[PDB]
Amino acid sequence: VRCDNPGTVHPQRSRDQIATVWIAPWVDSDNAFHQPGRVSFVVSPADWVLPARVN
Amino acid sequence: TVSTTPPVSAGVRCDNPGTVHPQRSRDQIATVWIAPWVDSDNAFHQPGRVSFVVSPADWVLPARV
Amino acid sequence: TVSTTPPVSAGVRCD
Amino acid sequence: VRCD
Amino acid sequence: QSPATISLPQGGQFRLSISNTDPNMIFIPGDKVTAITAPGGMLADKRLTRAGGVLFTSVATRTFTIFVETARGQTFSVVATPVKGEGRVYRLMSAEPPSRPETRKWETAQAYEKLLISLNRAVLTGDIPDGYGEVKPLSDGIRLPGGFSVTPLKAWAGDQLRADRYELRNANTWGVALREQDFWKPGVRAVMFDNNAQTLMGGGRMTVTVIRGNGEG
Amino acid sequence: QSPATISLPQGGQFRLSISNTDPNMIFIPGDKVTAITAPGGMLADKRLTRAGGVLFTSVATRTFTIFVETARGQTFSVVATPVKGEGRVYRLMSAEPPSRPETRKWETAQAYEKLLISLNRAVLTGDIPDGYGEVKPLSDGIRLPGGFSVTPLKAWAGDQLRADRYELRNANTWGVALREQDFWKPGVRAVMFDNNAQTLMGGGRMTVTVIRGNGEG
Amino acid sequence: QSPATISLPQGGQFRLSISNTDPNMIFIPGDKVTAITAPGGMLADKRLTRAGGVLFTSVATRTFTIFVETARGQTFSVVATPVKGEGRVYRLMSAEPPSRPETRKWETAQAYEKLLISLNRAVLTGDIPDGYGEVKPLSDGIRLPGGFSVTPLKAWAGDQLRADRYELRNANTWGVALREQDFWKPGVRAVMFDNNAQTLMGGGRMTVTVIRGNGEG
Amino acid sequence: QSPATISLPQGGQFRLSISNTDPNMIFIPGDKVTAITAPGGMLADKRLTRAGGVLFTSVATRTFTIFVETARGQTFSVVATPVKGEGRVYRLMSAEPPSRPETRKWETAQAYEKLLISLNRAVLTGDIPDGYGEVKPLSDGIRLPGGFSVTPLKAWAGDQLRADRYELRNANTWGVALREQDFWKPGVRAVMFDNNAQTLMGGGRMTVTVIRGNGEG
Amino acid sequence: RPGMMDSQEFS
Amino acid sequence: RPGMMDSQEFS
Amino acid sequence: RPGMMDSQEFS
């Protein structure tokens with residue numbers, strides 16, 4: 001029943017959280033119309049989630 | 001030039017292939033095992049496998065269902 | 001480089 | 001009916 | 001207590017209680033008070049706080065009008081009637097955003113899509129750009145589809161752009177798909193959903209951040 | 001409350017009550033008061049507020065006429081009747097706007113987007129930017145919805161980008177709505193359609209310019 | 001005892017009793033009191049303690065209002081009722097955290113470990129660090145649990161270390177759990193498995209990179 | 001006698017006896033007292049000891065509050081009531097470890113595994129690093145398996161790391177195998193058994209040293 | 001002191 | 001004198 | 001001497 005070894009965990013990396021913002025139509029300084037679109041950015045990147053339980 | 005990353009999804013109520021809500025991939029991780037070794041100060045290390053990101057994630061447009 | 005001294009023992013409940 |  | 005919020009346009013006349021005995025405070029969330037003016041022999045002491053507020057004591061007992069002028073160009077009038085009690089603190093929201101010339105320079109130096117992303121990140125991440133200041137949220141700045149009700153939370157404004165956050169509640173409890181384009185109004189420059197969403201459950205307390213233009217209308 | 005707004009032509013005269021007990025304010029938005037005149041002894045104290053405006057107190061009991069001169073050359077007149085109460089604030093407006101400043105588009109597009117747009121415009125007219133020497137076109141660029149046959153006509157190759165022109169054949173007999181993203185191929189930066197698309201009919205030969213990276217495979 | 005903790009929004013007002021007989025303290029953790037104001041004559045002595053905080057004594061018998069200003073621009077108000085007893089200490093907290101400082105990983109791995117890790121990553125991608133010119137692999141490196149046949153594919157040799165790649169054959173038909181230390185051979189620095197191990201099945205060919213010393217026999 | 005131990009958080013209010021006749025002493029195990037403040041005309045003499053303590057005499061007879069401020073940033077309040085007798089010595093344990101900026105520099109200059117070994121050696125060999133100071137041991141810092149009871153002995157703390165020693169008693173008298181991993185808690189950074197052990201006899205008075213992080217929780 | 005108002009310009 | 005307020009700024 | 005406290009700053 002005696003077991004003698006350091007434990008093992010599984011590294012877990014969390015998913016990135018993304019955010020998308022819709023843009024309304026717009027005209028720039030060069031007078032070109034820009035129909036509605038969207039641009040996505042990452043708010044919180046992925047990282048290791050240290051273990052709740054080592055054993 | 002810019003990345004031009006998305007290869008476009010393959011395949012009111014307007015189904016243009018591009019402009020789907022974007023998603024990010026999962027970074028690739030690899031584990032290496034280090035054999036035991038002895039330090040300069042005669043401290044003996046018996047370490048453990050290290051898991052580290054190798055490939056990062058990138059943007060991708062999911063295929064519409 | 002480091003010594004890499006141990007030649008590994010020859011031969012929960014993880015052996 | 002859902003359009004995105 | 002939390003400081004009481006006055007919210008006055010740049011001519012406002014608010015009647016507020018003031019204490020004869022202990023010091024009273026007025027602060028601008030985004031501006032530095034430069035002067036307080038009252039009738040001669042009415043306000044006993046007047047000192048400017050470092051953050052940008054003003055602390056004052058009134059010994060007299062008659063109702064009086066006091067005028068506050070902020071540095072970035074602003075003027076608010078309050079009629080203060082002295083009553084017995086503790087010192088009172090009032091937070092003054094602009095209601096009409098101030099012109100911020102030094103912010104336009106940062107605003108226009110960069111690209112449009114970059115600026116939008118930056119304002120949206122800042123509101124989401126909780127850190128506000130230096131040039132922007134706190135303003136009273138617009139009562140109706142977004143179109144309301146499908147019998148929704150919206151409670152404003154916070155708003156900020158710069159020189160040519162103005163951000164606000166709106167809490168949306170689904171009241172019909174039947175499942176409603178969400179599209180940023182359905183909240184568009186003349187002047188709404190960008191819309192972002194904080195949770196990715198795409199759907200709204202029957203009871204929904206979610207939020208939306210809208211960037212608009214300062215001075216639209 | 002909100003400041004009382006009064007619209008007056010130059011030399012205009014408005015009868016507004018002021019207050020004997022408390023300070024009163026008159027501000028013209030967009031304008032700075034440069035001068036004030038009243039019958040002698042009527043106005044006790046006059047100070048210039050931040051962002052223009054005048055703060056004034058009257059000990060008088062008789063209706064009097066104040067003339068205010070702004071820095072843009074406008075002069076207005078006010079008949080003031082002093083009465084007991086809170087200090088009153090008035091917003092002065094001009095009936096006829098003197099000039100209409102032209103609108104300023106401050107938004108700036110991204111560098112990549114402008115680069116593609118400039119080239120597409122150059123190709124459409126046909127003038128060549130420097131560093132574009134012409135090249136054989138490929139067949140790799142266009143995916144066909146169906147009923148379309150592609151023939152390369154002209155092509156330019158430069159230092160960073162590449163453009164080419166293909167003419168599609170008339171489709172069979174079903175009207176074929178044309179989708180600009182339905183001719184996509186990995187590696188293509190921008191695709192644009194000459195004329196206005198909107199369904200090439202039982203036929204029609206329309207030239208399409210396809211833009212792709214240069215040097216990169 | 002522990003200092004009494006009070007959480008207040010900016011301009012917040014909390015009613016706390018103090019002591020007439022003994023010194024009293026108010027500290028804001030993470031903040032330094034820069035100013036204190038009280039009705040005149042109410043506070044006998046005010047000193048700045050180490051690490052911020054204010055020590056104050058009152059001979060007063062009337063409830064009064066103290067305004068404290070911290071160096072981060074926060075101002076709070078306290079209503080103090082003086083009563084007989086021990087000096088009371090209060091810990092001032094902010095209801096809304098202004099900013100979230102990002103976490104700092106300060107831990108640093110050992111030089112030997114980092115060297116192996118960097119190389120393993122380089123080999124996995126395939127880019128070659130300087131001084132690595134490629135070499136024939138050996139057959140000495142891999143011990144086989146059973147059912148595995150090894151074929152060398154690629155190998156790099158440098159100034160201090162050496163890396164090689166062997167592809168093991170599919171094992172027979174019993175699932176073979178893969179143990180990274182079950183392929184060990186004296187002289188090998190690090191062994192890593194491509195993909196995720198977790199039992200190669202009734203088959204599967206998996207490439208394994210083995211790292212060994214260079215120059216040393 | 002051994003000096004009595006107060007152990008107070010950094011707002012503490014401890015009522016302790018003080019002697020009117022003979023000098024009394026307060027020392028910080030790890031910090032240098034920089035100032036003692038009491039009501040005017042209460043503490044007759046006050047001199048700072050070289051080690052870092054303070055010796056004081058009180059002639060009055062009323063109960064009073066005194067405040068002590070240490071150099072590395074700390075403040076503790078004691079209410080001292082004068083009684084007839086010998087001078088009293090009190091040892092003040094922090095309970096909440098102090099920020100030690102000059103220790104982080106040594107802490108981060110070296111590798112992580114090297115630092116762990118160093119702290120563990122020092123605790124075991126009985127010599128404490130210069131930057132570390134004595135603190136009150138944590139009540140519950142390690143998981144307790146198999147019906148064990150733990151009595152803390154000593155603790156030390158730096159800037160980002162904090163060491164403690166725990167005496168473990170086996171109460172079930174049936175033989176229990178020992179694994180450092182079974183005492184792990186969120187924040188426990190390293191565990192070492194002073195005796196090699198691997199087993200714990202039925203009656204066991206052994207010890208364990210755990211390194212954790214300062215500020216975890 | 002008739003009509004005078006307290007106008008403190010802060011620096 | 002009534003109505004005035006004491007205030008100290010710490011260096 | 002009213003309200004004054006003994007605050008000795010040691011060097």
# chains A, B, ... in the order shown; residues from 1 in each chain; ligands from 1
>>> calpha_fit_rmsd(fixed="chain I", moving="chain J")
0.8 Å
>>> residues_around(residues="residue 47 of chain B", least_positions_apart="4", cutoff="9 Å", atoms="only C-alpha atoms", output="PyMOL selection string")
chain B and resi 33-37
>>> write_last_selection(atoms="N, CA, C and O atoms", output="tab-separated table (two decimals), in the first residue's frame")
chain	number	residue	atom	x	y	z
B	33	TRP	N	11.18	15.97	-20.71
B	33	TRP	CA	11.58	15.36	-19.45
B	33	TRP	C	13.06	15.59	-19.24
B	33	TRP	O	13.85	15.30	-20.12
B	34	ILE	N	13.43	16.12	-18.08
B	34	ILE	CA	14.83	16.38	-17.80
B	34	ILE	C	15.38	15.29	-16.89
B	34	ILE	O	14.82	15.02	-15.83
B	35	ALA	N	16.47	14.64	-17.32
B	35	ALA	CA	17.11	13.61	-16.51
B	35	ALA	C	17.74	14.24	-15.27
B	35	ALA	O	18.11	15.42	-15.29
B	36	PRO	N	17.87	13.48	-14.18
B	36	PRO	CA	18.47	14.05	-12.96
B	36	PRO	C	19.91	14.49	-13.19
B	36	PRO	O	20.63	13.92	-14.02
B	37	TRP	N	20.31	15.52	-12.46
B	37	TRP	CA	21.64	16.07	-12.63
B	37	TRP	C	22.14	16.66	-11.33
B	37	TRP	O	21.37	16.87	-10.40
>>> interface_residues(of="chain A", to="chain E", cutoff="7 Å", atoms="only C-alpha atoms", output="PDB file with N, CA and C atoms, in the first residue's frame")
ATOM      1  N   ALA A  19     -13.013  39.871 -27.878  1.00  0.00           N
ATOM      2  CA  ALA A  19     -14.078  40.861 -27.907  1.00  0.00           C
ATOM      3  C   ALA A  19     -14.195  41.429 -29.310  1.00  0.00           C
ATOM      4  N   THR A  20     -15.419  41.456 -29.829  1.00  0.00           N
ATOM      5  CA  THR A  20     -15.701  41.964 -31.168  1.00  0.00           C
ATOM      6  C   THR A  20     -16.599  43.188 -31.054  1.00  0.00           C
ATOM      7  N   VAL A  21     -16.205  44.256 -31.758  1.00  0.00           N
ATOM      8  CA  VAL A  21     -16.968  45.503 -31.771  1.00  0.00           C
ATOM      9  C   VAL A  21     -17.457  45.816 -33.177  1.00  0.00           C
ATOM     10  N   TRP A  22     -18.764  45.949 -33.372  1.00  0.00           N
ATOM     11  CA  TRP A  22     -19.293  46.344 -34.676  1.00  0.00           C
ATOM     12  C   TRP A  22     -19.039  47.819 -34.957  1.00  0.00           C
ATOM     13  N   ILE A  23     -18.612  48.124 -36.179  1.00  0.00           N
ATOM     14  CA  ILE A  23     -18.350  49.504 -36.566  1.00  0.00           C
ATOM     15  C   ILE A  23     -19.428  49.961 -37.531  1.00  0.00           C
ATOM     16  N   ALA A  24     -19.956  51.163 -37.330  1.00  0.00           N
ATOM     17  CA  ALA A  24     -20.949  51.714 -38.248  1.00  0.00           C
ATOM     18  C   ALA A  24     -20.334  52.336 -39.502  1.00  0.00           C
TER      19      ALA A  24
END
>>> residues_around(residues="residue 128 of chain E", least_positions_apart="6", cutoff="12 Å", atoms="only C-alpha atoms", output="PyMOL selection string")
(chain E and resi 30+118-122+134+154-158+163) or (chain G and resi 98-99)
>>> write_last_selection(atoms="N, CA, C and O atoms", output="compact mmCIF listing (two decimals), in the first residue's frame")
# COMPACT_ATOMS: atom_id res chain seq x y z
N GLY E 30 -13.61 64.93 -13.32
CA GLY E 30 -12.99 65.12 -14.61
C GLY E 30 -12.46 66.53 -14.83
O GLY E 30 -11.83 66.81 -15.85
N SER E 118 -9.19 50.96 -28.89
CA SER E 118 -8.64 51.48 -27.66
C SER E 118 -9.64 51.99 -26.65
O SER E 118 -9.50 51.72 -25.48
N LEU E 119 -10.65 52.72 -27.08
CA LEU E 119 -11.68 53.16 -26.16
C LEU E 119 -12.47 52.02 -25.65
O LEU E 119 -12.82 51.99 -24.49
N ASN E 120 -12.79 51.09 -26.52
CA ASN E 120 -13.55 49.92 -26.13
C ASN E 120 -12.78 49.03 -25.17
O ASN E 120 -13.35 48.43 -24.28
N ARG E 121 -11.48 48.87 -25.37
CA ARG E 121 -10.70 48.10 -24.43
C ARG E 121 -10.68 48.77 -23.10
O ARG E 121 -10.89 48.13 -22.10
N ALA E 122 -10.48 50.08 -23.07
CA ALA E 122 -10.36 50.80 -21.82
C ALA E 122 -11.59 50.75 -21.00
O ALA E 122 -11.52 50.60 -19.82
N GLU E 134 -15.47 61.98 -16.96
CA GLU E 134 -16.76 61.36 -16.68
C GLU E 134 -17.89 62.35 -16.95
O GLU E 134 -17.81 63.52 -16.56
N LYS E 154 -22.49 54.04 -16.84
CA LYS E 154 -21.44 55.05 -16.87
C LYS E 154 -21.19 55.62 -18.24
O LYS E 154 -21.43 54.94 -19.22
N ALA E 155 -20.69 56.84 -18.33
CA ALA E 155 -20.36 57.46 -19.59
C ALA E 155 -19.13 58.27 -19.46
O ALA E 155 -18.83 58.76 -18.40
N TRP E 156 -18.40 58.40 -20.55
CA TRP E 156 -17.18 59.16 -20.56
C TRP E 156 -17.24 59.85 -21.85
O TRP E 156 -17.97 59.44 -22.70
N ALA E 157 -16.48 60.90 -22.00
CA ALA E 157 -16.49 61.71 -23.21
C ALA E 157 -15.16 62.42 -23.38
O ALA E 157 -14.55 62.87 -22.41
N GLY E 158 -14.72 62.52 -24.63
CA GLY E 158 -13.52 63.26 -24.95
C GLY E 158 -13.84 64.53 -25.73
O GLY E 158 -14.62 65.36 -25.27
N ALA E 163 -18.02 57.69 -25.14
CA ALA E 163 -18.42 56.33 -24.74
C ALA E 163 -19.42 56.18 -23.63
O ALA E 163 -19.36 56.90 -22.67
N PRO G 98 -9.15 51.03 -8.16
CA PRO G 98 -8.97 51.86 -9.36
C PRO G 98 -8.34 51.12 -10.52
O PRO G 98 -8.82 51.24 -11.65
N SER G 99 -7.28 50.35 -10.27
CA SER G 99 -6.59 49.63 -11.32
C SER G 99 -6.21 48.24 -10.83
O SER G 99 -6.13 47.99 -9.62
>>> residues_around(residues="residue 11 of chain J", least_positions_apart="6", cutoff="10 Å", atoms="only C-alpha atoms", output="number ranges by chain")
G: 33-35, 48
>>> residues_around(residues="segment 78-88 of chain G", least_positions_apart="4", cutoff="6 Å", atoms="only C-alpha atoms", output="ChimeraX atom specification")
/G:13-20,22-24,61,63-66
>>> residues_around(residues="residue 1 of chain K", least_positions_apart="6", cutoff="12 Å", atoms="only C-alpha atoms", output="JSON, numbers by chain")
{"G": [44, 45, 59], "H": [39, 40, 41]}
>>> interface_residues(of="chain E", to="chain G", cutoff="6 Å", atoms="only C-alpha atoms", output="list in words")
residues 1, 2, 3, 22 and 51 of chain E
>>> residues_around(residues="residue 14 of chain C", least_positions_apart="5", cutoff="12 Å", atoms="only C-alpha atoms", output="count of residues only")
9
>>> closest_residue(among="B:39, B:27, B:17, B:62", to="residue 1 of chain C", atoms="only C-alpha atoms")
B:39
>>> select_by_dssp(residues="segment 156-216 of chain H", states="strand (DSSP E or B)", output="VMD selection string")
chain H and resid 156 to 157 161 to 170 176 to 177 188 to 193 199 to 200 204 207 to 213
>>> decode(residues="segment 59-100 of chain H", atoms="N, CA and C atoms", output="PDB file, in the first residue's frame")
ATOM      1  N   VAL H  59       4.935  57.901  34.796  1.00  0.00           N
ATOM      2  CA  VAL H  59       4.800  58.309  36.183  1.00  0.00           C
ATOM      3  C   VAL H  59       3.336  58.400  36.543  1.00  0.00           C
ATOM      4  N   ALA H  60       2.498  58.758  35.574  1.00  0.00           N
ATOM      5  CA  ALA H  60       1.075  58.919  35.823  1.00  0.00           C
ATOM      6  C   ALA H  60       0.445  57.587  36.229  1.00  0.00           C
ATOM      7  N   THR H  61      -0.853  57.652  36.540  1.00  0.00           N
ATOM      8  CA  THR H  61      -1.576  56.469  37.003  1.00  0.00           C
ATOM      9  C   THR H  61      -2.790  56.053  36.174  1.00  0.00           C
ATOM     10  N   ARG H  62      -3.296  56.934  35.313  1.00  0.00           N
ATOM     11  CA  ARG H  62      -4.434  56.588  34.452  1.00  0.00           C
ATOM     12  C   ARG H  62      -4.111  55.690  33.285  1.00  0.00           C
ATOM     13  N   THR H  63      -5.066  54.877  32.873  1.00  0.00           N
ATOM     14  CA  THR H  63      -4.878  54.055  31.699  1.00  0.00           C
ATOM     15  C   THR H  63      -4.738  54.926  30.465  1.00  0.00           C
ATOM     16  N   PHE H  64      -3.779  54.632  29.602  1.00  0.00           N
ATOM     17  CA  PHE H  64      -3.550  55.450  28.434  1.00  0.00           C
ATOM     18  C   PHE H  64      -3.231  54.677  27.179  1.00  0.00           C
ATOM     19  N   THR H  65      -3.397  55.258  26.008  1.00  0.00           N
ATOM     20  CA  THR H  65      -2.974  54.566  24.796  1.00  0.00           C
ATOM     21  C   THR H  65      -1.655  55.070  24.268  1.00  0.00           C
ATOM     22  N   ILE H  66      -0.744  54.164  23.929  1.00  0.00           N
ATOM     23  CA  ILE H  66       0.530  54.549  23.323  1.00  0.00           C
ATOM     24  C   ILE H  66       0.679  53.948  21.936  1.00  0.00           C
ATOM     25  N   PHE H  67       1.312  54.659  21.019  1.00  0.00           N
ATOM     26  CA  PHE H  67       1.471  54.193  19.645  1.00  0.00           C
ATOM     27  C   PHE H  67       2.901  54.016  19.252  1.00  0.00           C
ATOM     28  N   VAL H  68       3.256  52.851  18.729  1.00  0.00           N
ATOM     29  CA  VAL H  68       4.622  52.602  18.297  1.00  0.00           C
ATOM     30  C   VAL H  68       4.763  52.458  16.806  1.00  0.00           C
ATOM     31  N   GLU H  69       5.707  53.193  16.232  1.00  0.00           N
ATOM     32  CA  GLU H  69       5.926  53.138  14.802  1.00  0.00           C
ATOM     33  C   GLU H  69       7.308  52.605  14.508  1.00  0.00           C
ATOM     34  N   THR H  70       7.389  51.458  13.842  1.00  0.00           N
ATOM     35  CA  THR H  70       8.671  50.930  13.449  1.00  0.00           C
ATOM     36  C   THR H  70       9.181  51.494  12.145  1.00  0.00           C
ATOM     37  N   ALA H  71      10.471  51.394  11.909  1.00  0.00           N
ATOM     38  CA  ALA H  71      11.086  51.949  10.706  1.00  0.00           C
ATOM     39  C   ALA H  71      10.675  51.382   9.368  1.00  0.00           C
ATOM     40  N   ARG H  72      10.527  50.068   9.279  1.00  0.00           N
ATOM     41  CA  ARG H  72      10.210  49.442   8.014  1.00  0.00           C
ATOM     42  C   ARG H  72       8.741  49.588   7.791  1.00  0.00           C
ATOM     43  N   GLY H  73       8.110  50.531   8.468  1.00  0.00           N
ATOM     44  CA  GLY H  73       6.711  50.745   8.167  1.00  0.00           C
ATOM     45  C   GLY H  73       5.823  49.801   8.943  1.00  0.00           C
ATOM     46  N   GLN H  74       5.283  50.289  10.057  1.00  0.00           N
ATOM     47  CA  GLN H  74       4.492  49.501  10.990  1.00  0.00           C
ATOM     48  C   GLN H  74       3.955  50.435  12.062  1.00  0.00           C
ATOM     49  N   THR H  75       2.803  50.073  12.622  1.00  0.00           N
ATOM     50  CA  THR H  75       2.210  50.845  13.705  1.00  0.00           C
ATOM     51  C   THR H  75       1.395  49.911  14.583  1.00  0.00           C
ATOM     52  N   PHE H  76       1.674  49.926  15.883  1.00  0.00           N
ATOM     53  CA  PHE H  76       0.944  49.114  16.848  1.00  0.00           C
ATOM     54  C   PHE H  76       0.525  49.985  18.020  1.00  0.00           C
ATOM     55  N   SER H  77      -0.691  49.781  18.509  1.00  0.00           N
ATOM     56  CA  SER H  77      -1.226  50.552  19.620  1.00  0.00           C
ATOM     57  C   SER H  77      -1.443  49.646  20.824  1.00  0.00           C
ATOM     58  N   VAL H  78      -0.979  50.103  21.978  1.00  0.00           N
ATOM     59  CA  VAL H  78      -1.193  49.369  23.204  1.00  0.00           C
ATOM     60  C   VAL H  78      -1.816  50.313  24.193  1.00  0.00           C
ATOM     61  N   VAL H  79      -2.740  49.824  24.990  1.00  0.00           N
ATOM     62  CA  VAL H  79      -3.329  50.636  26.020  1.00  0.00           C
ATOM     63  C   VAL H  79      -2.634  50.202  27.277  1.00  0.00           C
ATOM     64  N   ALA H  80      -1.899  51.103  27.914  1.00  0.00           N
ATOM     65  CA  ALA H  80      -1.106  50.756  29.063  1.00  0.00           C
ATOM     66  C   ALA H  80      -1.644  51.294  30.354  1.00  0.00           C
ATOM     67  N   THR H  81      -1.998  50.427  31.281  1.00  0.00           N
ATOM     68  CA  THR H  81      -2.459  50.864  32.590  1.00  0.00           C
ATOM     69  C   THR H  81      -1.389  50.735  33.660  1.00  0.00           C
ATOM     70  N   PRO H  82      -0.962  51.871  34.281  1.00  0.00           N
ATOM     71  CA  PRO H  82       0.154  51.710  35.223  1.00  0.00           C
ATOM     72  C   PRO H  82      -0.123  51.027  36.556  1.00  0.00           C
ATOM     73  N   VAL H  83       0.639  49.986  36.886  1.00  0.00           N
ATOM     74  CA  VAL H  83       0.477  49.282  38.153  1.00  0.00           C
ATOM     75  C   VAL H  83       1.792  49.206  38.890  1.00  0.00           C
ATOM     76  N   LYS H  84       1.729  49.036  40.204  1.00  0.00           N
ATOM     77  CA  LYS H  84       2.943  48.961  41.016  1.00  0.00           C
ATOM     78  C   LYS H  84       3.657  47.644  40.802  1.00  0.00           C
ATOM     79  N   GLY H  85       4.957  47.709  40.509  1.00  0.00           N
ATOM     80  CA  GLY H  85       5.740  46.498  40.322  1.00  0.00           C
ATOM     81  C   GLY H  85       7.003  46.622  39.500  1.00  0.00           C
ATOM     82  N   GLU H  86       7.538  45.500  39.041  1.00  0.00           N
ATOM     83  CA  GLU H  86       8.748  45.484  38.227  1.00  0.00           C
ATOM     84  C   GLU H  86       8.517  45.908  36.789  1.00  0.00           C
ATOM     85  N   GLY H  87       9.569  46.318  36.097  1.00  0.00           N
ATOM     86  CA  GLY H  87       9.456  46.692  34.706  1.00  0.00           C
ATOM     87  C   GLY H  87       9.076  45.514  33.859  1.00  0.00           C
ATOM     88  N   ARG H  88       8.253  45.724  32.834  1.00  0.00           N
ATOM     89  CA  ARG H  88       7.779  44.632  32.001  1.00  0.00           C
ATOM     90  C   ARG H  88       8.325  44.681  30.585  1.00  0.00           C
ATOM     91  N   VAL H  89       8.629  43.531  30.009  1.00  0.00           N
ATOM     92  CA  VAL H  89       9.208  43.502  28.679  1.00  0.00           C
ATOM     93  C   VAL H  89       8.246  42.751  27.809  1.00  0.00           C
ATOM     94  N   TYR H  90       7.923  43.324  26.657  1.00  0.00           N
ATOM     95  CA  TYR H  90       6.998  42.685  25.758  1.00  0.00           C
ATOM     96  C   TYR H  90       7.610  42.552  24.393  1.00  0.00           C
ATOM     97  N   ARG H  91       7.390  41.407  23.764  1.00  0.00           N
ATOM     98  CA  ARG H  91       7.922  41.152  22.442  1.00  0.00           C
ATOM     99  C   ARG H  91       6.794  41.290  21.462  1.00  0.00           C
ATOM    100  N   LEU H  92       6.959  42.116  20.446  1.00  0.00           N
ATOM    101  CA  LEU H  92       5.851  42.373  19.540  1.00  0.00           C
ATOM    102  C   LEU H  92       5.963  41.656  18.223  1.00  0.00           C
ATOM    103  N   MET H  93       5.177  40.613  18.019  1.00  0.00           N
ATOM    104  CA  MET H  93       5.184  39.909  16.746  1.00  0.00           C
ATOM    105  C   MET H  93       4.236  40.554  15.759  1.00  0.00           C
ATOM    106  N   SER H  94       4.638  40.678  14.505  1.00  0.00           N
ATOM    107  CA  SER H  94       3.828  41.385  13.529  1.00  0.00           C
ATOM    108  C   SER H  94       2.479  40.855  13.131  1.00  0.00           C
ATOM    109  N   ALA H  95       2.289  39.543  13.100  1.00  0.00           N
ATOM    110  CA  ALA H  95       1.034  38.932  12.612  1.00  0.00           C
ATOM    111  C   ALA H  95       0.773  39.184  11.152  1.00  0.00           C
ATOM    112  N   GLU H  96       1.091  40.366  10.647  1.00  0.00           N
ATOM    113  CA  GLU H  96       0.994  40.620   9.221  1.00  0.00           C
ATOM    114  C   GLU H  96       2.376  41.056   8.833  1.00  0.00           C
ATOM    115  N   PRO H  97       3.078  40.267   8.022  1.00  0.00           N
ATOM    116  CA  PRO H  97       4.470  40.584   7.702  1.00  0.00           C
ATOM    117  C   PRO H  97       4.677  41.906   6.991  1.00  0.00           C
ATOM    118  N   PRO H  98       5.740  42.626   7.318  1.00  0.00           N
ATOM    119  CA  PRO H  98       6.043  43.911   6.693  1.00  0.00           C
ATOM    120  C   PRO H  98       6.615  43.851   5.305  1.00  0.00           C
ATOM    121  N   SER H  99       6.392  44.867   4.493  1.00  0.00           N
ATOM    122  CA  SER H  99       7.013  44.913   3.190  1.00  0.00           C
ATOM    123  C   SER H  99       8.479  45.207   3.316  1.00  0.00           C
ATOM    124  N   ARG H 100       9.315  44.403   2.696  1.00  0.00           N
ATOM    125  CA  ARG H 100      10.732  44.598   2.825  1.00  0.00           C
ATOM    126  C   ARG H 100      11.281  44.759   1.436  1.00  0.00           C
TER     127      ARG H 100
END
